[PDB]
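Residue numbers begin at 1 in each chain, while the letters A, B, ... track the order of the sequences. Atoms considered below: every heavy atom in the structure, side chains included; atoms not considered: hydrogens, waters and symmetry mates.
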Amino acid sequence: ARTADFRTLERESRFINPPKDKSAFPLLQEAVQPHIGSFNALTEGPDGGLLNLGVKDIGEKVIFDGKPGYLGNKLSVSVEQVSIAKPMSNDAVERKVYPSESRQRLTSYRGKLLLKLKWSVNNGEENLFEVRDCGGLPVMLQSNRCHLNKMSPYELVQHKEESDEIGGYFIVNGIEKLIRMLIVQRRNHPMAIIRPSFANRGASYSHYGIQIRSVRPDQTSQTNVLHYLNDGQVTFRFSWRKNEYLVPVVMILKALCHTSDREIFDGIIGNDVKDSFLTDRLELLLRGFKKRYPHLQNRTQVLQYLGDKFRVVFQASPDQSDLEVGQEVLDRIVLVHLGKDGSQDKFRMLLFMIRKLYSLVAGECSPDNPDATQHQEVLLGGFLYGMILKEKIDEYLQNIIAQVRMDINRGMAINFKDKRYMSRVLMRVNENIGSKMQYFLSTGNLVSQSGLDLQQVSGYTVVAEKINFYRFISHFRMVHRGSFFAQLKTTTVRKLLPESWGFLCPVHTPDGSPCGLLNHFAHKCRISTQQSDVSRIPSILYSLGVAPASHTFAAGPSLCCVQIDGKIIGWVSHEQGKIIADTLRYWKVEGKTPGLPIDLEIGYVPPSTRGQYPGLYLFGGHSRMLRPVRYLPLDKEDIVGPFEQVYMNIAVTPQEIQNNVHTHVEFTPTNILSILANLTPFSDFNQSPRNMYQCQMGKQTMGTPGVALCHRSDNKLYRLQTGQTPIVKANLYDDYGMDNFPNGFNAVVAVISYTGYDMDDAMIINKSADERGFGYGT
Amino acid sequence: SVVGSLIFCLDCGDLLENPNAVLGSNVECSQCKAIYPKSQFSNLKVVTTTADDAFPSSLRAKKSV
Amino acid sequence: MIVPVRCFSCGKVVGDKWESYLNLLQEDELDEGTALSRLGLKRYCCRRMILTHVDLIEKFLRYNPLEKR
Amino acid sequence: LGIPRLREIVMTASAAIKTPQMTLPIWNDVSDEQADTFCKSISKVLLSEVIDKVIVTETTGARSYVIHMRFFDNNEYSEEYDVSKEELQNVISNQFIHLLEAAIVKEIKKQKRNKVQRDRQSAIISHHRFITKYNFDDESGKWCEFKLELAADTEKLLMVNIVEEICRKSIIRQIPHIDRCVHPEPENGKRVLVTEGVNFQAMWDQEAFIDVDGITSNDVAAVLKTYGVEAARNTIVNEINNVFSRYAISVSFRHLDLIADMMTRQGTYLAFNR
Amino acid sequence: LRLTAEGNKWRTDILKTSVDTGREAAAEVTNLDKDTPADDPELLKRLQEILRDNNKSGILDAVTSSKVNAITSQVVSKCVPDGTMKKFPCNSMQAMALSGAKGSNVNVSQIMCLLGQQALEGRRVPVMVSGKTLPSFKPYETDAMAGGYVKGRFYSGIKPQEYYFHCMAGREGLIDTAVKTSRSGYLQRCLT
Amino acid sequence: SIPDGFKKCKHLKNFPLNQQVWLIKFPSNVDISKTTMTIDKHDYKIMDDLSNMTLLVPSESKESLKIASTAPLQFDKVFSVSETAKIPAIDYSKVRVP
Amino acid sequence: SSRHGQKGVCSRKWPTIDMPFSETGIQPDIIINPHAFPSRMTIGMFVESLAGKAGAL
Amino acid sequence: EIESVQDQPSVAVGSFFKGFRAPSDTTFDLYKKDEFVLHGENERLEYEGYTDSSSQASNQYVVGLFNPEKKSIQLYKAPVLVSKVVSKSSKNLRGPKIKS
RNA sequence: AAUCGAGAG
DNA sequence: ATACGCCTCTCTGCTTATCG
DNA sequence: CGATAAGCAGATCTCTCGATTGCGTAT
Ligand SMILES: [Zn+2]
Ligand SMILES: [Zn+2]
């Protein structure tokens, strides 16, 4: 047997004739699967696509003319269907355009964006529909809206791209750009937080809190913060238009669903009636509300107060009743991951969050670390593209209403039923949504009325520079903590935590300023780009023994709280919850039960002494980080996430599997490293800073960018003339097809102190070898 | 109804008013518009104890280990 | 890209042996060491030059700006 | 240590030194047991460091509190802290209840937006605002229960968080600007005694245990206050030098002396900044 | 870089003595009776209290670090230079470590005998909220390898968990050097 | 108001009580027509679950519901039936390999 | 640089006659000082030279 | 052993709140569509109640009397209703549609 | 000229 | 096609206030 | 007058590259 093979004949045959079915390197495509899948999820998939859901939740914005209790004629402009075309050209009958032409022309590779407006009048009296082109929207290569989507390597070569061209990037002004993946708080999970900044937020502020980052079905997010004041009252927080507002928690608790106060007492305090801490804090809260707001005795009155309080900041229409605008803000701010028609579930989740806040302030649960990988997810970049597009079409829909308002206030008459008037106004506004998206790609700046729940503004897209193929493939696996942490002094954010085992590469990190903040995924790490079928999971859970969350009336860490994506499914004892988690894992790994997708991340937190807040947490959404691992019972592949991993024992190799201690084992230890960190020979014999230096330096080598260089017009390109394959190489050198892109040369190296001209770090090159073309490049 | 220092109506489940906070012999439910008497609510007692993480000291460390 | 004319270290002409190496690998069922020895490459400096050549010229040649594709 | 210390010394000249310290030489005729006794006598003890638990029994039968303060056993705290039943009872009678009532009345203001025992209880009631009972275990030093009656307009208070805050912030026996006095292992022969604070005049009295002529401190501003410019210059040199001693970096004393004489050129502690 | 057969024998014999050092350190920090089993409920409870409480965790880390450093010192003294097949002045690694041309006895020791305990700031490796220091190790494991004590050397290579801990320490060093060079210069500017 | 499709049951059935009141909860895979027992060759875990579950029993009218009081009338014991599975003990002689 | 973070600038193009030569007759095309290793501790480069020689043979 | 199991609606269980007591003058009226609605009233109260649609399709509840001497245990079926009790004087209070 | 991004010691 | 005005996570030291 | 609780200010090596830089409007 031979440990490795050069595969010379196979490689040369494949060079001669590119495959006509599929590329021979499947792993080289799963590397860019996050970016491609994120851009794909906004046009295809269930529910019509992310852009369609985004327009649906943008809804209608109305205005009144004022012409003669009767506010005038109502105009409600909106969009209900958005489509992107694969890029065409008129050079009549159009012809397909491929990115080679965009590269050669030094221009962008963009497809036309079409929105069909709804010019509704008088709530359905008559509707004027007209599709409007809104500029050429840039699209990423190898996506379902790109013309290379299904081509074989043979067809890719015929269309001048590459033998194994990968997408995941855009082309703007003849320059390739990539939306970096950012790592943000885990969605739809309330995590206890201790922050001295919360105390700084004013006076009577503790440092405790409960922060949940709810995500809408169209992948937009809303952060709700549940502060605790030292007196005893709990404060709700949210941000709407780059400003921040505060609300008593009891206001929202009563506004959500028609409920009593004994129900709030039972929801926050379960069977723990004898718990003086909880009872006294809750009495303080209830009496503080009944003192401050004695004229809000029912849900309708509370909603009307909220509506009166929120008029000019929410751009509520003159027709909107106070009750309905209060319902609008309640459905548009509070726990948006449950969406509308989920007031009861939002009520349960707020009660759970309040009890968790009281546990955090009583020191019965430890604070959840927000910078630990256990409590994080990835913002894919295609999702950010969809969110920015939704914000831009919202701005457009508001700008056309601004135009008609300016017409109204300039003294000109109108007719909302007139297609001529609709045409006249639609040509006085800005419809280069595509040009604004191109601006975002070409600068990185995020021009926004809402910060999209994100912290930074600039620094969102980097050029996918192609010095070298390691550099190029590294662009598509780098994840950033955010530019806020770039200028800081808390070194603890850069620490290599054990919570990233198998998700973040321990080695691949740039040295210097971006050390610790710029990370790379382990090469077998996968970021999900779709929601797993979870409709049947609550049904299976009730059969397993989960008592339903509607008629059980339990609360506290004394019981396990079963949740699914932030929705309290039911309550169960801790032992039975452990059994439920084990049985769910078994049924999920064995592919018999149709209601348990293998991507399901059953993150179970056992009871402990002042540890993390317990309960059984189930996740199946987008943006999760998942890695394969061998489930030991029935010996099949399993999928785990960072949240689930910090509690499960996973033997690194099968030799040290212990009795009744391990339920998992890695497929191989080498799948906790990046591609670059796997390509280092005998990495486990060097000092780790030298492995980090190698990851940094292998992206800077004058290797081979690609083979279609006669069809590119890049600003600067470095090409090694004659590369060679390594004699000593990892088994994954072939799996990613790195032989297609040679990076160096096998050299005869004498470790000798002979010359005198190489002492500190210099090295000597043979003159004759140099004259024979050793290490030549252009 | 009565839980420590808290009393809830048995009809609408609304928190009442504390007895010694309003006009005499009549504590009124703000939802049910019912009338409750100051009787049978003799002592709303709550017994609390300190956190046991509240007083870090040299002697407290020696208490356990 | 294309086979080097000479070995880098010693200078032995190894540019006329790449096609023969492929022939001996394909037609004959020879392992790489046997094929390199039968080509006359004894020093490992000369053996590496052929054993590790990639031959990217073939992949470069598929992008021909002078013939219709 | 290190560069933060250099910032404190030469960059900031902070009179508010982060860790003030005094090195107290001991006379050669003072044994280790007396050294520890002096350390515990000097070191401060807060009320929180002697209390095991506190029980607050609110009753609405007008609203009253029964605050019971459970102490560590006498054979424990009178040994570890040099604190007696009498000293504890005096502290609770004088400072604790006054601070507690001050906190309570401030809280309400924010909300509006054996005949010896009998006579002691009567005196405590008369002097204090709204206390109605008081009994201290004068035979075991084990507990202290005192009632506290508020009005009927008063809203509910936790009465445990304020009690904890008062119990922490109330001292028992503290010398100003001094927290702890630890007796480390003697090094290079001489036996030292380092406190976690600077109060030169407090140990000026303790001629018996402390060689006052050799009390060398860490805070440059304090020694400038009490001893003068030149002692400040000496301690500047010493503090700017012993930072380099742990890092084993040899810097000549001419540089440090020139920097010290530039920093004390006006007779004060001038920093190197604007 | 190699040792003798007798040198390797001494190295492995002294390293076998490092099996119970972590368990003894835990039993003595937790004040439990020595020779108590590693799966004792009281030991696990006290280790959990120590995990929650930062100062107690630091005490445990420092005590166990001292014990494993003693084991490392024993290994190095027993195996260098008396356990090395090629000896000074022929042994060039040892030669230039002794001579001051480059390197030190610590580097030679890590290449030939033992990398030893990996120290993060001034403590052992970070622990999760479940008491696990890595997915492989069971919660509250009183094993020196679990705490970052790597018995491997750069000649025979280090295991995956040891590789992970060593990467932690190396990243910490690379961060600390940047912080230090950033902070050095303002002092000199203001003084000058 | 009455939501569409809802039709009020008018004639109810008797309840022979003057005996212990029990509550038992079954899953959706248990045929109710027919502490770890076997039902239809299946494995079911059974355990037990300031009250909220009141008892509504028809009065002597067979047309409405009332709250018994012999202050509600609470069930003497609440049971639960749970679906389970057998977790296979790992055979170490295979996976444990040098 | 090697694949072990052993970066260094080329200090001279040493003529081949002045290069050291082996009993086999070959003259190395790269010379790296032995002092780059004791502090960097890149034993992977040593074992890679070993394995590369064995593989090319 | 199990002798008779009832399917026709006989009894039901509700979740009003902790320690709920109701006067003897009040009654309840059921509705079946399986989704259920319950309704009751008195002078200043309303016993409205619905059920969780997503849960009733999975969990089923059984009631029954037991015989200490015999074996013919009794069995029954009873759905669960999650009820929200409402007042009457605090139901229909509103304000202006928009405050100027 | 700024701003952003990538680097080197 | 085009020419005027519009677009959220550190630190010491100086200085004023303000209330019994 | 004065002693904090509070508010406000100005700080926190050298070198090489590339890419973009502003939108609405009234006539
Ligand atoms: Zn009532
Ligand atoms: Zn040769």
inquiry  = Need one value for A:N173: base, sugar-phosphate or nothing, where a base atom within 4.0 Å counts as base even if backbone is also close, heavy atoms only.
reply    = sugar-phosphate
ask   = Looking for any heavy atom pair under 4.0 Å, which part of the strands does A:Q455 touch: base, sugar-phosphate only, or nothing?
value = base
message = With rounding to the closest Å, how many angstrom separate the P atoms on K:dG18 and J:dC9?
response = 38 Å
Rounded distance in Å between the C1' positions of J:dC11 and K:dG10 = 11 Å
Ignoring hydrogens and angles, state whether a donor on the side chain of [X] or [Y] is under 3.5 Å from an acceptor on the partner side chain.
X      : Y      : result
A:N468 : A:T701 : yes
A:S204 : A:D231 : no
A:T509 : E:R171 : yes

key: Passing candidate, side-chain hydrogen bond (donor to acceptor under 3.5 Å, both in side chains) with A:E377, options A:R187, A:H189, A:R186   = A:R187
task = Pick out which of A:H475, A:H508, A:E465, A:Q694 makes a side-chain hydrogen bond (donor to acceptor under 3.5 Å, both in side chains) with A:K699.
result = A:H508
Reading the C1'-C2'-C3'-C4' torsion of [N], is its sugar north or south?
N      : result
K:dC17 : north
J:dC9  : south
J:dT10 : south
J:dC7  : south

Donor-acceptor contact below 3.5 Å, side chain D:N218 vs main chain D:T19 = yes
inquiry  = What does the B/S/- profile of nucleotides 21-27 of chain K look like, 5' to 3', with a 4.0 Å heavy-atom cutoff to protein?
reply    = S--SSS-
Can you identify which nucleotide, out of [options], has its nearest atom closest to the [X] side chain?
X      : options            : value
A:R471 : I:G5, I:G7, K:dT20 : I:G7
A:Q696 : K:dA11, I:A8, I:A6 : I:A8
A:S458 : I:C4, I:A6, K:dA19 : I:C4

request  = Under 4.0 Å from any heavy atom of chain D: name the first and the last nucleotide of DNA chain J that qualifies, 5' to 3'.
outcome  = J:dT12 to J:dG13
message = Would you say G:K7 places a side-chain N or O within less than 4.0 Å of OP1 or OP2 belonging to I:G9?
response = yes
note = Scanning all shown strands, the Watson-Crick or wobble mate of J:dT15 with both distances under 3.5 Å is K:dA6
